[PDB]
Structures are given as C-alpha cells and as structure tokens.
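Following: one structure in structure tokens, then a few remarks.
Throughout, read-outs are computed from the coordinates displayed, never taken from laboratory work. Cβ: placed from backbone, ideal geometry, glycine included. Neighbour counts: every protein chain shown.
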Number of protein chains: 2
Amino acid sequence: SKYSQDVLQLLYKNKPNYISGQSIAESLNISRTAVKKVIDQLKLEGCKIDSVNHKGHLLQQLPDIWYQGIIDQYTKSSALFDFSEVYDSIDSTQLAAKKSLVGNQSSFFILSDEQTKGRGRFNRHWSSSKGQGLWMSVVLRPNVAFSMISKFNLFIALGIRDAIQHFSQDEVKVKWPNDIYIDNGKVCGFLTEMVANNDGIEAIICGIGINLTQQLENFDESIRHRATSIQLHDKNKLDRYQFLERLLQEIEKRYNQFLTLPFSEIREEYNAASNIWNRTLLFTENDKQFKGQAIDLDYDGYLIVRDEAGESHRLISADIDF
Amino acid sequence: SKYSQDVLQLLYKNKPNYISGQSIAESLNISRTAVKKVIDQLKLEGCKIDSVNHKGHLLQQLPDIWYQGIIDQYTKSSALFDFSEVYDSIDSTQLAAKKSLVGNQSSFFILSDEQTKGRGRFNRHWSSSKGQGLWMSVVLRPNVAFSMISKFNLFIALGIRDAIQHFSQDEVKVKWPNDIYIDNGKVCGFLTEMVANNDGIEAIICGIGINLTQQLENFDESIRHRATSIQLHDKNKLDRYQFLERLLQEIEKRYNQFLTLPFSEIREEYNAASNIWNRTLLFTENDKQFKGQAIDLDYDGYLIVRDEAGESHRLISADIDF
Ligand SMILES: C#CCCCC[C@@H]1SC[C@@H]2NC(=O)N[C@@H]21
Ligand SMILES: C#CCCCC[C@@H]1SC[C@@H]2NC(=O)N[C@@H]21
C-alpha cells in the first residue's frame, strides 16, 4: 500500500527494539488493522518480522529487494549523498542518473533490482537479473579538471574491491581499469563517466554492477567459467543491505582519498590488488588486437605494456581479456 | 491549430511558387475554410504571406519566432543532424539537450525563443529574451578521446564567427576561448560540454547564444557598453532563418574540419580572428586574479600568457575580461 515503505522505515529505524502496531498506527495516522495488513504484506514479500503480542514487531531480515523506505535511512545519515532513487526495474541506472543529474548539483545514487538495458563499456550488454546483483549508479560532484576522471576510476576500484573482499573468503582482485574478480570469475564491472567542460567536471557518474547471489546455474551458459558472485565465496547468507552499507562506506573513503591524495599514494596498494601481472593479456583497440604484458602502472595511473612485438605502450585505458 | 506547422511547412516547401488553399486542404485532408483560418493566424503572428485569388499563397517572410514546421526542413535536408526540437520558452536548451541525448546516439539541436534559466560558463546568468537571439544547443557525436573537447571548442568558434561575419558589415572577432565580439560588444557566447568516459566522448553539447536583434535600449543598463547584436551591425533586416541556415552550414564545415584537421591547420586563421592580442587581459582563476598578455596560441590550442609579474603560463582555458 501507500504506507509499506513508511512502516518498513519505522521498523528499521527502531531496531533492535520492538514497536507495537499501535505505535506505528499513531506515527502514520492510520488504523491498527491497516498496519496489520501492511505487516502481513511485508512478510509475504519475504521480510522477516518477529511479531509478539503486547510487545510488537521487530524487523529481523530484509529480502533481496530494494526498498526506498530503507534506502532513505542510508541517505539521511550520509555525508556524501543527498538522496537516492530505488526502482524495481528500469532500463538502466546509468541512464537514469545521467538524466537525473541534469540541472542540479545533487549527489545521489540510483539502485534498481533489475535493468532491462544494462550496459557496460562500449555499449556491451550487462546482465542485470532481478534479485541477484547490486545495480547502482553513483553521481558525485568533485570540483576538479576533466582529466581527473581516470584518477577517480582508480580510487573507486579499490573502494569496490575492499567492500567485496569484506565478504568473500577468497581473494578479490582488480582487473584494470574496470573489473573486479574473484579467481577467474568477474564479480563486478564498473564504469566511470563524466559530464564536463574545459572548466571542469559537472558530474561523475559511476555505474557499478556486482553479482551478489547468483548460483552458477544462474549464469548464461557460455560465460559460466569466467563469472561469479559474492555468494559463491561467502559461507554466510550474503545480505544485500549489509553489503550496500559497506560499499557506500568504501566509496566515501575512496572518494575522499580521491579528492586529497595523488595516485602515487595508492599505487602500490592498487598494484598489490591487481590481477593483470605475469600473464598474457589480450588487448583490443578499435580494429587491432594484440597480446602484451603489463609491466607497470606509472604514478599517473597509466598502464605500461610490453606488446608481443617488444614495443612499449603507455595506456590511460584498455580492454583487456585474459 | 493542430495544423499551423503543417501549413507553414507546405508554404516553405513550395517557394518560390504559390499554392492554393485547395491544394493545402488536400495535402492535410482538412477543409478549405480551416486552411483559411490557419492562414489568417499565421498572418496575425506576423508571417508575411501573399494571398492572390485563384493562384494561392506564398510565404514571403517569417517573423522572429521559431517554428518546428520550418526547422523540420532544415533537418530533413541535413547530413549532420537527425532532428531538432523547437520551443517557445524553456529553462535552457542546454538542460534540454543534456537530457535528450541520454540513451541514444542521435545528433540534433534545440532552439528556443526564450530561456528562463539560460546559463553560460561558471553557471553565469545568460539573458535569453524572447524574440531577440538564437538560443541553441547542438549535440554531436564525434568518435574521439575526451581531451579533444578543447580542440572542438576552437573549431566551432571560427564556425560561429564566420556565420556572424557574413551578416555584419563590421569586424567580428573571437575572444578565446568562448566569446564572439563585434568591436567592444559581445554578440555571442558559447560553451562546449561533453559527456564522456575514458574510452571517449559519448556526446558533445555545444550551447551557442547569439544576440540577433537587440537595439541598445534592450540591454540591461550596466552591460550596455560591452554588448551588441548582429542587427546593430547589419544595414538590412536580419532574418533569423537565414542566419540559422548559415550558422548550421558553418558548424558543419567546422565540425568536419574538427574531425579531419589538427589544430595547427586553423591556428593562423584563429589567430587572425582573435581579439585578445596587444592588450591587457584580466584573468580569473578561482580565488586569484591577475593581469597578463596573450603571447601566443600554441599548436595545441593552449594560450601562452605572460602575466604582470613576468611569469609565463600555458592555459587550455581561462576567463578573460578586457
Ligand atoms: C559489461 C559490463 C559491466 C559494467 C557495469 C554495469 C553497471 S550496472 C548499474 C549501471 N547501469 C548500467 O547500465 N551499467 C552500470
Ligand atoms: C554567459 C554566457 C554565454 C553562454 C552561452 C549560452 C547559450 S544560450 C543556448 C544555450 N543554453 C544555455 O543555457 N546556454 C547556452
């Protein structure tokens, strides 16, 4: 109903104490019995709410669905983000963000349970199944030159990697400049875009797609060997809200470092997290393809590559296949 | 009515011959007498249409109003632009374009008779009065790295300057990197923005504001001495459609050169058109201001400046006051 989010919000707000129907009913100025129907609905949708006579209701566990109601709490208490928008299904959180940023200087992020037109780099199709990944776009407002985009993109990587690590028992590595892996499985893709002019950046839009709970069964047949989910490397149930919380916190930490540190500060760190070394990398550039080794990430985030013909290259970006 | 643009379109399409009401009536499958009411309305709005018994109607002169009807002809016959959108009044053609470009690869432009929230660089207020200027945003789709924005911005300048020249008896000069002048009056401001990622530009959005027909009386009192309009330097009535036609043609020419020539090809040309030489320029950078001379535009479009303390600078952009 009209009030599901409101009741959910109250339950989350009130943890770890119980609140009575009566009490919710008065907050919302709605009948006790309406509160009871909304509570039954939340249980039907898979909310885990303990209900005890006299005492009331306690939100125990959210299902794999995003609720504006709850996400609003993450934005109320946040220093970076003005608001968020949450959707059950949309063409793409990236398209939404690029539209929603126009005409304002808000910082915000967009989450959706599913995307019908999810896209990564080069307009490639990104699978965004309902129930199974965090499909998010983050719009921030750094006061910097447009060439700093590549820098943003390196700091944010380590933020994303750190959040995924906190949940996986296995080793999580960045594949420069835009992908995160656990062993041979891509568990995340991200994409930093900007709106900018010569005088600086109007907005950064970072689209982040992370596979949360797919079982292997769930992956398209061709990609099965090179794909994975945080679930498949975590002993406990992975809780999306718990993860989002961690992800937002890391983004903020890395975004602050992005504003205050030169790349050289995190370069070693980035280096150690990266999985592109000591191995033959396939590179694509327009028509061309060639093989190569990654020699180094210079102090400006450029990849130093020694190609199969012995020539050296200095790349701000690339698409690498393993 | 529902058909004004349609009838207008037919009149423009049919120049320099007359078409009868009957003939319009059959094209549109509407009554002769409805055609007559729509023709009276167009005359009321200030269209100059010669109407002769037996023979029909001939569009002689459009008023200072943009008509989707006519602009559609400019897009039908165009090699660069997929469509246009025309508005009588909007917050900003720049805001519209940044929204309208999302999710597609169309090239297009947006015109509006008036803007209620026109903005130039640094979110500065740009006056966009109904009836008096061309307030346009142009979205193009160059397949290039994001650092090429500054290059785009230099080629487009000369396109804009060339169109304004064709109509002014006086000398039209560019004030790098974003303004056009006739003597001491700014007659145009433009602004190149981009949407981009590390792999290249998704869209260029060039907002162009050009004062067409202001009399001095029309300019805010403070700015009167440093502002001007193409009208105030043209002996003939300035015809906005005629100008738009010229502007679109120049944009296309300079956009083609942008895709095919290095800056060094047009640098001399740019140099000769520029009005920033042999004079004390005031510069703003954040908190700072300082005075300076423009020594040179290097081969990469960077301004070489000798500041008042004798130090040299190499600037991709600046805001200069005379
Ligand atoms: C291919 C590939 C991985 C690129 C990351 C996709 C994220 S999902 C949320 C946001 N929305 C998109 O359409 N793309 C980004
Ligand atoms: C200050 C100043 C001049 C910047 C140019 C304004 C053009 S008008 C059409 C387009 N729409 C805008 O809001 N800005 C651009």
(message) With θ taken as phi - 60° and the coefficients 6.51, -1.76 and 1.60, list the Karplus ³J(HN,Hα) couplings across the range B:303-313 in order, rounded to whole Hz; mark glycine and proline as x.
(response) 7, 9, 10, 9, 7, 5, 8, x, 6, 9, 9
(message) Can you compute 3J(HN,Hα) from phi for each residue in the range A:127-143, using the Karplus curve 6.51 cos²θ - 1.76 cosθ + 1.60 with θ = phi - 60°, rounded to whole Hz and x for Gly and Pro?
(response) 6, 10, 3, 4, x, 10, x, 9, 10, 9, 10, 10, 10, 10, 10, x, 9
(message) Quick check for me: using +1 on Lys/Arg Cβ and -1 on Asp/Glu Cβ, what's the dipole size of the range B:276-322 about its Cα centre, in debye to the nearest 20?
(response) 140
(message) For a bin width of 20 Å, list the pair-distance distribution of the protein assembly as shown built from all Cα-Cα distances, rounded to whole %.
(response) 16, 40, 31, 12, 0
(request) Using label points projected 7 Å from each Cα along Cα→Cβ, tell me how many nm separate A:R224 and A:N236, to one decimal. (result) 3.1
(request) Once you've got the GNM for chain B with C-alpha springs shorter than 10 Å, pick whichever of B:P177, B:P262, B:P142 has the biggest mean-square fluctuation. (result) B:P262
(request) Would you work out which of B:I30, B:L42, B:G189 lies farthest towards the positive end of the dipole of chain B, given +1 charges on the beta-carbon of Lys and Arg and -1 on that of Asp and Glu, about the Cα centre? (result) B:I30
(request) Quote the convex hull volume per residue of the range A:200-293, based on C-alpha atoms, as a whole number of Å³. (result) 207
(request) Over the whole of B:314-320, what's the average partner chain Cβ count within 10 Å per residue? Rounded to a whole number, please. (result) 2
(message) Give me, ordered by chain and number, the residues 5 or more places off A:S106 or on other chains with an amide H under 5 Å from its own placed amide H.
(response) none
(message) Using 18 Å as the Cα-Cα cut-off, could you pick out the over-long pairs in B:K55/B:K237; B:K99/B:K253; A:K151/A:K175?
(response) B:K55/B:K237; B:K99/B:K253
(request) Just name one of B:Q165, B:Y255, B:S78: the one whose Cα is farthest towards the positive end of the charge dipole of chain B (beta-carbon charges, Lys/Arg +1, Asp/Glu -1). (result) B:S78
(message) Can you tell me which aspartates and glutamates have their Cα less than 15 Å from the Cα of A:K235? Leave out same-chain residues fewer than eight positions away.
(response) A:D170, A:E171
(message) Just to compare against my own numbers: the Cα pair-distance distribution for chain A, 20 Å bins, whole % per bin, please.
(response) 30, 54, 15, 2
(message) Regarding the range B:24-172, what's the average projected area of the Cα-atom convex hull, expressed in nm²?
(response) 12.6
(message) Loop only by DSSP, 11 or fewer other Cβ within 10 Å of the Cβ. Give me the GluC sites (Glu not before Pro) in the range B:152-225 that pass, ordered by residue number.
(response) B:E221
(request) Among DSSP beta bridges lying fully in chain B, give the percent that are antiparallel, nearest 5. (result) 85
(request) Just grab the label-to-label distance for A:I65 and A:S23, each label 7 Å out from Cα along the Cβ direction, in nm (one decimal). (result) 2.5
(request) Positive end of the charge dipole of the protein assembly as shown (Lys, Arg +1 and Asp, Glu -1 on Cβ, about the Cα centre): tell me which of B:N198, A:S107, A:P16 has its Cα farthest that way. (result) A:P16
(message) Please compute the modelled spin-label separation between B:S106 and A:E45, points set 7 Å along Cα→Cβ, answer in nm with one decimal.
(response) 3.5
(request) Can you tell me the dipole magnitude for the range A:1-63 around its Cα centre, using point charges on the Cβ only (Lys, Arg +1; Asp, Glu -1), in Debye to the nearest 20? (result) 40
(request) Rounded to whole Hz and in sequence order, give me ³J(HN,Hα) for the range A:215-223 from the Karplus expression 6.51 cos²θ - 1.76 cosθ + 1.60, θ = phi - 60°, writing x for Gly and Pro. (result) 8, 4, 2, 7, 8, 1, 6, 4, 6
(request) Quote the charge dipole size of the range B:163-295 about the Cα centre in Debye, to the nearest 20; the model charges only the Cβ of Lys and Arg (+1) and of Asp and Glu (-1). (result) 380
(request) Once you have a ≥ b ≥ c as the square roots of the Cα gyration tensor eigenvalues for the range B:1-63, tell me rounded if a/c is under 1.5, and otherwise prolate or oblate according to whether a/b is larger than b/c. (result) rounded
